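In the block that follows, a single chain appears as structure tokens, in the form deposited in one PDB entry.
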């Protein structure tokens, strides 16, 4: 309840400077790379083998897995600078702008901006521009720079809307069998964005493009963490609203997806992270 995660648009100039500074230290120390790797590893861990479900997405663990991922990340930020917490990118409000690409999140003192089409969409502004920030491919090898290409896709020309968010929050069940990308009347599947997709979470990745447009390379872009903090906030809000609902499946789901199953690559279970307040943080909007 002490660590407050703030909306990016509410951050002071120094808060933004301190966050960026801290991420760059995590990168320099070699720590940031662990987060890129863990996310890639989980995505290749299929539950069960042969299924498209994996430890980190396309099934019920999507939400708790990322909650745990962000918790560890924030804890690493805190070790460097105890005043730094993980902010969230409220993309549904950016979606209301005439041009969401004019959002302050993409300023040169924060995330930096869109890709340069002359340079094949390499990002050349901000703290994470090519030449200031190195990237790796799916195999762990150097890839030579962060890329972004906002709204360039036929399937995701726009960010998800406030209405889209409110509509997901109306869903009563956390998830439903068969606990996959086809789950109907499922908050998890709705928020993940598969039904008539891409929507919500899947749509944001596709809208940003570049490394964010493909799962395994997505964390090369620091905005990955800001996006997932927003996803985590939306889940937190669903949890408050639907207080008598709990995680599903409680049992008999594939191993790695049940309430008390360890979430690869860690030993942490969904049960361990069900109460975000117990983990030591809250979102500003709760206060």
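Positions refer to the first chain, counted from 1.
We do not show the form deposited with a small molecule bound, though everything after this point is about it.
- Screening 113, 213, 127, 100 for any heavy atom within 4.5 Å of the small molecule in the deposited complex leaves a single hit, 213.
- Contact with the small molecule in the deposited complex, judged by any heavy atom within 4.5 Å, is made by just one of 135, 176, 202, 85: 202.
- Partner contact region in the deposited complex: 190-198, out of 144-152, 168-176, 190-198, 73-81, criterion any non-hydrogen atom within 4.5 Å of the small molecule.
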